[PDB]
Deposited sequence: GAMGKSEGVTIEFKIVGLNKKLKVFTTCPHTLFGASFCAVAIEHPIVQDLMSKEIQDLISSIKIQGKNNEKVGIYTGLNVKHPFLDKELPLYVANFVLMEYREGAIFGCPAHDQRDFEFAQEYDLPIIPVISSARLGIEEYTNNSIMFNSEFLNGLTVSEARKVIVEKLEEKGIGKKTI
């Protein structure tokens, strides 16, 4: 609709992953990264046998994915996030790649529950016509800020480091 594009460093390689989000302020609650089945990164960084795993389609309506074997470095935390090929990510929409926040997104929770991924809460429950007064927590420099202030500060920090930009 109107979001931000974020670059993630792929661990042990000189390659990057661009993801699109409409909730950049929930970045400290990221558990995984997921790309579409038809994403270029599948043909570039993975074996041809990945198509055999993909066709095994079996669990429809259920959020399923395959761990690629690669991790991405979190931009602000000393930690890595696993990278998946997921059935619920659409290639034709934006970058065909997402970051997952299971504590505040139903689709991300269903995926994390299946693959035992961590659940990290970041919003404590209370464009310019209204202000969302829910407060950020577990989010380093975003702590204590309302959701509205946090959306602004995270974008300034991503732009300041050359790893994020506004995307219409």
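Relative to the deposited sequence numbered from 1, which residue ranges are unmodelled?
Deposited residues absent from the model fall in 1-5, 62-64, 135-137.
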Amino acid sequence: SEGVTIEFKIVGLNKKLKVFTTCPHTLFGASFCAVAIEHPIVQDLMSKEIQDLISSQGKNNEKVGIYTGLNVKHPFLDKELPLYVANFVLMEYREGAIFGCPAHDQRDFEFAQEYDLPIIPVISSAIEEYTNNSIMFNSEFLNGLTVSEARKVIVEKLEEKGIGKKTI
From here on, numbers count along this sequence of modelled residues.
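Mean C-alpha B-factor higher for 61-69, or for 108-116?
Taking the mean C-alpha B-factor of 61-69 and of 108-116, the larger value falls to 61-69.
Pick between 146-154 and 12-20: the one whose mean CA B-factor in the entry is higher.
Comparing averages over the C-alpha atoms only gives 12-20.
Of the residues 26, 43, 138, 134, the one carrying the largest Cα B-factor as recorded
That would be 43.
Residue 83: which third of its chain by C-alpha temperature factor?
It falls in the bottom third of the chain.
Split the chain's modelled residues into thirds by Cα B-factor; is residue 30 in the lowest, middle or highest one?
For residue 30, whose C-alpha B-factor we compare with every modelled residue in the chain, the answer is the lowest third.
Based on the entry's values, in what third of the chain does the Cα temperature factor of residue 36 lie: lowest, middle or highest?
Middle third, going by the recorded CA B-factors of the chain.
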